[PDB]
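Take a look at the structure set out below.
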Amino acid sequence: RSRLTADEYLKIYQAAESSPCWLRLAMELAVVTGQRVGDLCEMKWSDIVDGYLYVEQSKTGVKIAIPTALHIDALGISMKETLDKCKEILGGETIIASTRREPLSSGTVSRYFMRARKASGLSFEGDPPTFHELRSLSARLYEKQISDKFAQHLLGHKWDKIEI
Amino acid sequence: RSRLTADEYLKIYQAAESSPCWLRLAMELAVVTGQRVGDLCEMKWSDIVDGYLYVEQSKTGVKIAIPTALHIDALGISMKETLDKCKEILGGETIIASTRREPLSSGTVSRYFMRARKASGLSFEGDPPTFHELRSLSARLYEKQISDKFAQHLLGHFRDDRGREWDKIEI
Amino acid sequence: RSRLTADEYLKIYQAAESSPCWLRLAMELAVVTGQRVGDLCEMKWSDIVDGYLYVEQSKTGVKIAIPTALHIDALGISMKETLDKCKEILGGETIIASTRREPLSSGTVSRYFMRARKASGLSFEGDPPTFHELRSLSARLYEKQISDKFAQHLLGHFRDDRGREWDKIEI
Amino acid sequence: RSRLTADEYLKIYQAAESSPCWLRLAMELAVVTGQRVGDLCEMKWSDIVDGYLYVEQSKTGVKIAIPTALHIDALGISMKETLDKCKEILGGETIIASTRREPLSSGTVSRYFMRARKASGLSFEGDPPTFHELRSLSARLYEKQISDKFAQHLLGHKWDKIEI
Amino acid sequence: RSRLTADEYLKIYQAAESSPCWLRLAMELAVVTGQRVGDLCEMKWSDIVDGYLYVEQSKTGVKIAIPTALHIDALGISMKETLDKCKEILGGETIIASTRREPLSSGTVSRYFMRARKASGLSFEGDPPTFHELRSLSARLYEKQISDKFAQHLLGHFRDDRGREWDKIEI
Amino acid sequence: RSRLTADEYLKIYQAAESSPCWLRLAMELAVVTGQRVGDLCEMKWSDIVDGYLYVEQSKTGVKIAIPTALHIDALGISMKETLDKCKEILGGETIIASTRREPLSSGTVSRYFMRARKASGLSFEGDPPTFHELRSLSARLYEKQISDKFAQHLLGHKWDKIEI
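Chains as they are written, first to last, in UniProt numbering: chain A, 177 to 334, 350 to 355; chain B, 177 to 333, 342 to 355; chain C, 177 to 333, 342 to 355; chain D, 177 to 334, 350 to 355; chain E, 177 to 333, 342 to 355; chain F, 177 to 334, 350 to 355.
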């Protein structure tokens, strides 16, 4: 299906204005960490140790340690800043959490992103991009900003520490 | 005049996507060093000696030695990384330089920042923040991360060289 | 500082005969739009949509939509005519531009205006009026021609676009 | 006889400092409207209707409607501004009027212009220009500023509305 | 802000050894004429007539005729000698000009002066003196050499030409 | 022996900070007048008449009149300014004088300059320059700034008035 460009992300992010607060935060976390929505929903505060967010991908078993100093230039996302916002605004045991501080599921996150997407009025060639497409956007952005190698390493394609 | 928060800095930073390459770098350098724009524009590579960026403030005459190991945690800004980028991307005699490696003036930096600010679409209570507001942001962020004493020290509110005395910034 | 009257504006305008082509046009645009020089220098052709010149004041953040049908009767200044001249004679990305189609800075505009002012040979009580005085002139002329409310509106003292709200100027 | 250049007009205008107030106003009106002195003296406020000054030339019968929005760049003359000054300063039934608010004749206007001309100290090759030469100056100035066609149309050489 | 003494002027002058050729000349012209930097940058060769440099101050409108025979004894500055050097070394339409004979702006002059000031290594009580401090120095030196009346006259605190009246400076 | 460059003069001048006040003043006077130390020590206030310092060189008999308006650009030395400082700070019958206002000898001046030189930490190829080398520095500086002819005229190599 259709991909998601940076400009399109900005339009959806804007429409997410009237969405629950965690949606915009989940979008930021998805692009800056490049992790699958299933893993994003599993992330907990105890997973962060000494400036590194440890992630064992549920689907692949790939274990990586993501530096919280990461940032995506094109969208102006600072991983630390996003994490600070998740801590203060959401305040759950899970980094990403509902308004009632409960863990979120992939279906719920994807569903709300879809609503924000419709609210933006964007048109796409073929099936509109889902929340999952934020992972490809992350790779494409990190490739230009750093390197295709870095993008691949971060996505889990190769605890394996992520550096740069 | 309105202040600029860390989240607002990031919106403007994003909006700077279509600005000259030096804008984002000047923004980062302003927040991590806390120096006035006039002084940012004066900084040269020869001012860095043994991991320290020597700055004599143009307006006040205050002489400080800034450790290049500094980081602004809230925004993920590393002074060393930023300087590396300035060297690799701008490559002028001055740390901040145009695409043609020429020095920049305070007016030009402020002007481009103002344009990126408008592009972000942010709304402000009162007059919008200018590039100068990045110095106040630096202070508030450093006050939290390190201390009110550190911030006042960095802002300019003793490695004695060949005559002149410099205030060494620590931690 | 001294004010500038309509008759004095014309003496300086005459004196601008030997000034760059953009000076007279910048003078006309300053009086008919009432915008600060910093904003005049920022205006671009892309800011004009369906007979309206959109302006976000750099200093205040005030967003207004100026109808291009405006006229300053006292001096025979037509905004549309002036814009046509700017397009045909200057032809830059910015409405006001140099002979090389480059953007102009507030300092340059003020400097050339100051020179034309001296060339006119006018005498003033107190410090002579600067290019900024054209904004006050705009207000006084509009206050008489239309209303004190209109002038304050134009000076910056609701076409809602993609997010941002604009104050539409009427009559 | 000799012509009158823009710089020469400025010198005479300067010397007109000590001349009756209507002289400078008549000079401005002469250059911006390009009309003969005989017609200038006949102009009345009732001749202006909806931003147009209607003039039927006495000598030729040519009927033209001059837009009050006209202006001469070289000399910084705004027709509306000059008319506003004539209204406030002179205040007669005729646009151009004496100090005692009475109509002026061509001879009087020409005579005072001649005195201002002498007072300026200018030297000319051949007979000095008279007030009549302001009409040629008008044409030469409007030609450069707009076009020879416009100059001719305004002078009455071709109610005929004047536009541009 | 700190004042600048005659001895300090010489230290900065020495330090200007590696500055553009126009810096030392602009410094000399500032002290011997006592004019604001904005006006120094505006001066042209056509302004000198029969041994007098005609200056209409941009800010105040004050019109003075400065005799080119002036000297600043305390520093050995001769106005005629300085002007000769400006003509021979700079050779622009403006008395003070860049290496490419282009006019200079107040900001550029101040900026280079500030750099020479730092290079001298002088220490100051309070904010260091800027190029503007050369005008106060001119006044204090002239007050001693000639009189308080002369200084106030020169600073701008009657050869009547074609309309405009000029204040002739004497002795 | 080794020569003295302008940069070296600046370093020694800086080290002269802790030297008697007359040393720095003697250094300035030596470079701006280009006279031998023996003559510098003989200079008196009565030798200055109408902006000219009259000097009859002891060794050669050469009589020259040095304009007090002279200045050395490279070192920022104004002869008048230096003389003003000698008058106010030293206040002796001799232009150059000791702390107790007594005349100085060549040996004393040379000796203190040597101490300031050592204090600067400079290294030289061959024998370090003595106070006498300030005379050569003067010539080399005046040559570039004005002309070799001027340098020679000032040094006494050709009352003979010095001009320019």
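We treat Cβ as the ideally placed atom computed from N, Cα and C, and that holds for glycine.
Problem set entry | Amino acids of chain C, ordered along the chain, whose beta-carbon sits closer than 7 Å to that of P304 of chain B | Walking along the second sequence from the start, residue 304 of chain B turns up at place 128. Near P304 of chain B (Cβ distances below 7 Å), the residues of chain C are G237.
For this session: Determine the closest residue to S312 of chain A out of A:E278, A:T244, A:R287 and A:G210, with distance taken between C-alpha atoms.
Result: Taking the first residue of the first sequence as 1, we reach residue 312 of chain A at position 136. Minimum Cα distance to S312 of chain A is reached at A:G210.
For this session: Could you pull the start and end residues of the beta strand (DSSP E) that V231 of chain B belongs to?
Result: Position 55 of the second sequence holds residue 231 of chain B. Per DSSP, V231 of chain B belongs to the beta strand (DSSP E) from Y228 to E232.
Problem set entry | Length of the line joining the Cα atoms of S194 of chain A and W350 of chain C | Within the first sequence, the letter at position 18 stands for residue 194 of chain A. Within the third sequence, the letter at position 166 stands for residue 350 of chain C. So the two alpha carbons sit approximately 22 Å from each other.
Exercise. Any idea what DSSP makes of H329 of chain B, helix, strand or coil?
Worked result: One-based indexing of the second sequence puts residue 329 of chain B at position 153. Under the three-state reduction of DSSP, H329 of chain B is assigned to helix.
Problem set entry | Per-residue DSSP class, three states only, for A241 of chain C | Counting from 1 along the third sequence, the entry for residue 241 of chain C is found at position 65. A241 of chain C falls in the strand class under three-state DSSP.
Exercise. Grouping DSSP H, G and I as helix and E and B as strand, with all else coil, what is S282 of chain B?
Worked result: Looking up residue 282 of chain B in the second sequence gives position 106. Residue state for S282 of chain B is assigned as helix, using DSSP reduced to three classes.
For this session: Would you mind working out which of B:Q233, B:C197, B:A327 and B:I322 sits nearest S274 of chain B, comparing C-alpha positions?
Result: What you label residue 274 of chain B is simply residue 98 of the second sequence in a count that begins at 1. Of the listed residues, the one whose Cα sits closest to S274 of chain B is B:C197.
Exercise. Going by C-alpha distance, which of E:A315, E:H329 and E:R277 is nearest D249 of chain E?
Worked result: Along the fifth sequence, read from residue 1 onward, the residue named residue 249 of chain E stands at position 73. Checked all of E:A315, E:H329 and E:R277; the closest Cα to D249 of chain E is E:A315.
Exercise. With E354 of chain A and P243 of chain A assumed to form a contact (beta carbons below 8 Å), what rounded beta-carbon distance in angstroms separates them?
Worked result: Here residue 354 of chain A corresponds to residue number 163 of the first sequence, with the count starting at 1. Here residue 243 of chain A corresponds to residue number 67 of the first sequence, with the count starting at 1. Confirmed, about 7 Å.
Exercise. Excluding the five sequence neighbours on either side, which residues of its own chain have a C-beta within less than 7 Å of the C-beta of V238 of chain C, listed in chain order?
Worked result: Counting from 1 along the third sequence, the entry for residue 238 of chain C is found at position 62. Taken in chain order, the residues that qualify are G332.
For this session: Take the Cβ of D215 of chain D as the centre, count every other Cβ of all protein chains shown within 10 Å, and call the residue buried at 16 or more, exposed below.
Result: Taking the fourth sequence and counting its residues from 1, one reaches residue 215 of chain D at position 39. With a threshold of 16 other beta carbon atoms within 10 Å, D215 of chain D meets it and is buried.
Exercise. Name the chain F residues whose beta carbon is nearer than 9 Å to that of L205 of chain E?
Worked result: In the fifth sequence, the residue the question calls residue 205 of chain E occupies position 29. Those within 9 Å of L205 of chain E in chain F number zero; the least Cβ separation is about 15 Å.
Problem set entry | Contact list for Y318 of chain B against chain A, beta-carbon separation under 7 Å | Within the second sequence, residue 318 of chain B is the residue found at index 142, counting from 1. Annotation: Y318 of chain B has no Cβ neighbours in chain A at a cutoff of 7 Å; minimum Cβ distance is about 15 Å.
For this session: With a cut-off of 8 Å on the beta carbons, I'd call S286 of chain C and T306 of chain C a contact; round off their distance for me.
Result: As a working mapping, residue 286 of chain C is identified with position 110 in the third sequence. As a working mapping, residue 306 of chain C is identified with position 130 in the third sequence. Right, their Cβ atoms sit about 6 Å apart.
Exercise. Exposed or buried, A202 of chain C, counting other C-beta atoms within 10 Å across all chains shown (16 or more means buried)?
Worked result: Locating residue 202 of chain C in the third sequence gives position 26, counting from the first residue. With 16 or more other Cβ atoms within 10 Å, it is buried.
Exercise. Checking contacts by CB at 8 Å: is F307 of chain C closer than that to chain E?
Worked result: As a first step, residue 307 of chain C must be located in the third sequence, where it is residue number 131. Not closer than 8 Å to any Cβ of chain E, the Cβ of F307 of chain C fails to qualify, so no.
Exercise. Does the Cβ of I253 of chain D have 16 or more other Cβ atoms within 10 Å, making it buried, or fewer, making it exposed?
Worked result: To locate residue 253 of chain D, count along the fourth sequence from 1; it is residue 77. It counts as buried.
Exercise. Which of the three DSSP states, helix, strand or coil, is assigned to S222 of chain A?
Worked result: Taking the first residue of the first sequence as position 1, residue 222 of chain A is located at position 46. In the structure shown, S222 of chain A sits in a helix (DSSP, three-state: H, G or I).
For this session: At 7 Å on the CB atoms, spell out the chain B contacts of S234 of chain C, in chain order.
Result: As a working mapping, residue 234 of chain C is identified with position 58 in the third sequence. Ordered by position in chain B, the residues that pass the 7 Å Cβ test against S234 of chain C are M290.
For this session: State the CB to CB distance for the pair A241 of chain C and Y230 of chain C, rounded to an integer number of angstroms; the pair is presumed to be in contact (CB under 8 Å).
Result: Counted from its first residue, the third sequence places residue 241 of chain C at position 65. Counted from its first residue, the third sequence places residue 230 of chain C at position 54. Their Cβ separation, rounded to whole angstroms, is 5 Å, which keeps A241 of chain C and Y230 of chain C in contact under 8 Å.
Problem set entry | Buried versus exposed, by CB contacts within 10 Å (16 or more), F289 of chain D | Residue mapping note: residue 289 of chain D aligns to position 113 of the fourth sequence, counting from 1. Around the C-beta of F289 of chain D, 16 or more other C-beta atoms lie within 10 Å, and the residue is accordingly described as buried.
For this session: Establish whether the CB of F300 of chain C and some CB of chain E are separated by less than 8 Å.
Result: Within the third sequence, residue 300 of chain C is the residue found at index 124, counting from 1. Yes, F300 of chain C lies at the interface with chain E (some Cβ there is under 8 Å from its Cβ).
Exercise. Considering only C-alpha positions, which residue in the set A:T284, A:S299, A:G227 and A:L186 is nearest to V213 of chain A?
Worked result: For this step, residue 213 of chain A is matched to residue 37 along the first sequence. When only C-alpha atoms are compared, the closest one is A:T284.
Exercise. Which residues, in chain order, does the region 252-271 of chain A contribute to contact with chain B at a C-beta distance below 8 Å?
Worked result: For the region 252-271 of chain A, the residues whose beta carbon sits under 8 Å from a beta carbon of chain B are, in order, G252, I253, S254, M255, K256, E257, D260 and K261.
For this session: Could you please give the first and the last residue of the uninterrupted alpha helix (DSSP H) stretch that includes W198 of chain A?
Result: For this step, residue 198 of chain A is matched to residue 22 along the first sequence. Segment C197 to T209, the alpha helix (DSSP H) holding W198 of chain A.
Problem set entry | Beta-carbon proximity list for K261 of chain F, same chain, < 7 Å, skipping 5 on both sides | Position 85 of the sixth sequence holds residue 261 of chain F. For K261 of chain F, where only same-chain residues beyond five positions count, the Cβ hits under 7 Å are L201.
Problem set entry | Coarse secondary structure for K256 of chain A, derived from DSSP in three states | Here residue 256 of chain A corresponds to residue number 80 of the first sequence, with the count starting at 1. Here DSSP, grouped into helix, strand and coil, assigns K256 of chain A to helix.
For this session: Apply the 10 Å Cβ neighbour rule to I265 of chain B and answer buried if 16 or more other Cβ atoms are within range, or exposed otherwise.
Result: In the second sequence, counting from the first residue as 1, residue 265 of chain B sits at position 89. Counting Cβ neighbours within 10 Å, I265 of chain B comes out exposed, since fewer than 16 surround it.
Exercise. So which residues on chain D does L186 of chain C lean against when the C-beta distance must stay under 8 Å?
Worked result: Along the third sequence, read from residue 1 onward, the residue named residue 186 of chain C stands at position 10. Going along chain D in sequence order, the residues near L186 of chain C (Cβ under 8 Å) are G252, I253, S254 and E257.
Problem set entry | For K352 of chain C, the first and last residue of its enclosing beta strand (DSSP E) | Position 168 of the third sequence, counting from 1, holds the residue named residue 352 of chain C. Where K352 of chain C is concerned, the enclosing beta strand (DSSP E) starts and stops at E349 to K352.
Exercise. Chain C partners of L246 of chain D, CB-CB under 8 Å?
Worked result: On the fourth sequence, position 70 is the one that residue 246 of chain D refers to. The answer, in chain order, is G252.
Exercise. Of the residues B:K320, B:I272 and B:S296, which one's Cα is nearest the Cα of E218 of chain B?
Worked result: To locate residue 218 of chain B, count along the second sequence from 1; it is residue 42. Comparing alpha carbon positions, the residue from B:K320, B:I272 and B:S296 closest to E218 of chain B is B:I272.
For this session: Could you please give the first and the last residue of the uninterrupted alpha helix (DSSP H) stretch that includes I188 of chain D?
Result: Start at 1 with the first residue of the fourth sequence, and residue 188 of chain D comes out as number 12. Taken as a continuous stretch (DSSP letters only), the alpha helix (DSSP H) holding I188 of chain D covers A182 to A191.
For this session: Specify the secondary structure class of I265 of chain A as computed by DSSP and reduced to three states.
Result: Mapped onto the first sequence, residue 265 of chain A falls at position 89. In this structure, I265 of chain A counts as helix in the three-state DSSP scheme.
Exercise. What residues of chain E sit near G347 of chain B, judged by a beta carbon separation below 7 Å?
Worked result: As a position in the second sequence, residue 347 of chain B is number 163, starting the count at 1. Counting only Cβ-Cβ distances below 7 Å, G347 of chain B has contacts in chain E at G297, in chain order.
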